[PDB]
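What follows is a set of notes on a single structure, which appears directly below.
All chains are named by letter (A, B, ...) in the order of the sequence lines, taking the proteins before the strands, and each is independently numbered beginning at 1. Values below: every heavy atom of this structure, side chains too, minus hydrogens, waters and symmetry copies.
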2 protein chains.
Amino acid sequence: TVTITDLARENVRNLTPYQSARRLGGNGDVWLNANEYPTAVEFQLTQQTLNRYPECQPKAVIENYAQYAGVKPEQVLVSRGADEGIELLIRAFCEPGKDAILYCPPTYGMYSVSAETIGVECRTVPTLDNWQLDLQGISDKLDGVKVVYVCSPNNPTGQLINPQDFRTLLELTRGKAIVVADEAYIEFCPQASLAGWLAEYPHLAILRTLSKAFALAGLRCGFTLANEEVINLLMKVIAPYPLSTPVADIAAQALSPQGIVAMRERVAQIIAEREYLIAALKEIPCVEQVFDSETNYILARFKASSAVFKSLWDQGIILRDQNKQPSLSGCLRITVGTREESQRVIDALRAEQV
Amino acid sequence: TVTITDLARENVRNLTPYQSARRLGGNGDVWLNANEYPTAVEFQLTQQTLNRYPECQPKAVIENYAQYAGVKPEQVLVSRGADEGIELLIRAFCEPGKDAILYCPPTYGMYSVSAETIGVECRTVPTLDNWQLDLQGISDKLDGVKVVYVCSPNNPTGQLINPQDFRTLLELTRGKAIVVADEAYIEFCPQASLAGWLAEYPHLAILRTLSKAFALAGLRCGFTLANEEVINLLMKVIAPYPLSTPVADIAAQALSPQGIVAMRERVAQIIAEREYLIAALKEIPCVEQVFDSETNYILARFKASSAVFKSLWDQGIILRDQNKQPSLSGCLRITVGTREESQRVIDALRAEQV
Ligand SMILES: Cc1ncc(COP(=O)(O)O)c(CN)c1O
Ligand SMILES: Cc1ncc(COP(=O)(O)O)c(CN)c1O
């Protein structure tokens, strides 16, 4: 007898779904585990046309984002979060069972999940001790690679990748692979974006999202910025109607000139709060080291991190365990929330210190 | 020199994106080309939690739909329309370059588009003259097939597939392939659903949507109904956060007991309007034949169909040309809208008749 499971693809049977979830509804009161902006920003629907299909690429959203990002509208694609952008790039450039993607741990886990699910080889070149790119390592492992993902600023470590090294990576991949700069957190350090480099690199693509600084993770709205040739290829593999009208409606509102002003205020707010938390953490006994951050989260190494994580977890303070990540033994990632939430973390940590 | 296009997958370079679009903004006043409910049903957001990520599978949506469909919650998956359900099935059961899908033209075009884009062989077995399944043909072309798609009622022809033949198809595929009954239009003939057959067939999957009878195409919300084993496999390949909160919010509202009552009223409305249009069309000179329908659209063969289509198009009456579809020479698909819209069609057609 043949089971339904026997009919599934081998890679699908053996893969482990992305570990995003880690809930405890009505149990935790302080959520600093998903890099979400801490407070809700309200939006209401303005377009009651739900009986009709939306545009594949809502014009107002594309144009408002292009204006905001400083790129041409033809260089923008909107999708269901940066997560879908990751998928589209593999779907368009990586032949299953032939081509591979390359990423550098420790970093965002969806690059690997998407490739493994689609059936594309995952090539890894761990970053250096300070999490900067191992350029020599990458240079000798590019055969068969079609897409390279580099998160900058990096999640979960928090630092920016030296642009001088992005220059090198872009040269190494010229005429060989698409370089994807994941800028999910670039709003917190806008001057470091590679968006203005498009005219120099035909193979450069950039991932953006409304889930973090924009405080709209619930909208599942992201973008890919690239030269027209790349955008048009991605448009050949995207679903016909990837964005719902309610999302196009509210996303456009959030990207209005006033919306941008508000987003920048949110960034300033988070940066000021981040610096408070960083300074405070460094003084806590159970904290061994706090790593520099250019995002809305902080990576810190703790003494008995698993004990600390479980202790805060039971207290309703939900963080993100990084102990199993390469090079991140003893590290926990703390999202920057409100001052009160930072104080909850600080006070709880001071309660450990053995 | 290597171009960006040279880096794209061969199948991606050669494929032709799905032909959904056919717009003429502010030019057409009567839209009967996408099988959308003709009037907007208003919904407002009730959950201002947009800064937080949604659940992968919003509980209220899953439970409300399960209740409505008469199946167990564990037998339901929610996605970005039935379009994504089509994708998930290929993604979970079809190994690119090894396995194939099978469908029977003329039918919905996304089965082929998804398979071709992913890189899975498309096996076709045209339906018979009356668009019923060519069972003998299918029986001899199942080698390597992992997923079979059958739209019932069928788009664009409008008729139901004889359940006696679904029984045969299910036996032919037992322990070999997943049979997917596309029930995007089952709300118009609910008694014909195969949802109650799940306990008898481990390999049966059903596609459902909120885009038609539910009048919520703008929400991009669909479902897949199947036995738990199948649902769980599909859940291994779906994106971590496939549904936005605004959509989960409003979809749940539309699936409330009162929402179901309203949907059924919409169905009754459309059926009554459909019968009016069918009866009227048959009498028009330029109409050669009107085919039976159990949906919210009517397929009809016309004399000089291309002339008729262009004529109405220029008059602001937008239909869906089927002239290029196998066996559908001279046919146009007319969505059932309001009485006024049906009259516009009837009056325009009577203006031809040469
Ligand atoms: C580095 C990184 N990239 C991309 C994403 C996805 O962003 P999205 O909510 O637009 O699908 C995330 C969200 N955790 C992320 O951390
Ligand atoms: C037969 C059929 N199946 C599936 C779909 C997709 O439905 P959705 O708007 O839920 O992605 C459609 C929409 N035209 C359809 O006609």
In Å and rounded to the nearest 0.5 Å, what is the [atom1] to [atom2] distance from [X] to [Y]?
X	Y	atom1	atom2	result
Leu233(A)	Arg91(A)	CG	CZ	13.5 Å
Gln75(B)	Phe223(B)	CD	CZ	14.5 Å
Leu219(A)	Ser211(A)	CG	OG	8.0 Å

At a heavy-atom separation under 4.5 Å, does [X] approach chain A through its side chain, its backbone, both, or neither?
X	value
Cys56(B)	neither
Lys176(B)	backbone
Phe214(B)	neither
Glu84(B)	side chain
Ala248(B)	neither
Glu116(B)	neither
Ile250(B)	side chain

If only atom types and distance count, is the side chain of [X] paired as donor or acceptor with the main-chain N or O of [Y] below 3.5 Å?
X	Y	answer
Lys146(B)	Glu95(B)	no
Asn11(B)	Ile118(B)	no
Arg52(B)	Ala40(A)	no

Quick one: which of [options] has the most heavy-atom pairs under 4.5 Å with chain B, could you say?
options	value
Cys94(A), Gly81(A), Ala34(A)	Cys94(A)
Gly175(A), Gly119(A), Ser114(A)	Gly175(A)
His203(A), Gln44(A), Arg174(A)	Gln44(A)
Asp6(A), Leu15(A), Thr49(A)	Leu15(A)

**Prompt:** Quick one: side chain to side chain donor-acceptor pair (under 3.5 Å) partners of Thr5(A), sequence neighbours excluded?
**Reply:**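 Applying side chain to side chain donor-acceptor pair (under 3.5 Å) to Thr5(A) gives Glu229(B).
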**Prompt:** Do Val148(A) and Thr173(A) have side-chain heavy atoms sitting under 4.5 Å apart?
**Reply:**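 Counting from C-beta outward, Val148(A) and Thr173(A) do come under 4.5 Å.
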**Request:** Under 4.5 Å heavy-atom distance to chain B, tell me which part of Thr1(A) shows up: side chain, backbone, both or neither.
**Result:**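 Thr1(A) has no heavy atom closer than 4.5 Å to chain B.
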**Request:** Pick one of side chain, backbone, both or neither for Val41(A), based on which atoms fall under 4.5 Å of a heavy atom in chain B.
**Result:**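 Backbone only.
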**Partner set under side chain to side chain contact (heavy atoms under 4.5 Å, CB included) for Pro54(A), not counting sequence neighbours** =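 Expected list: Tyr241(A), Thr245(A), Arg220(B).
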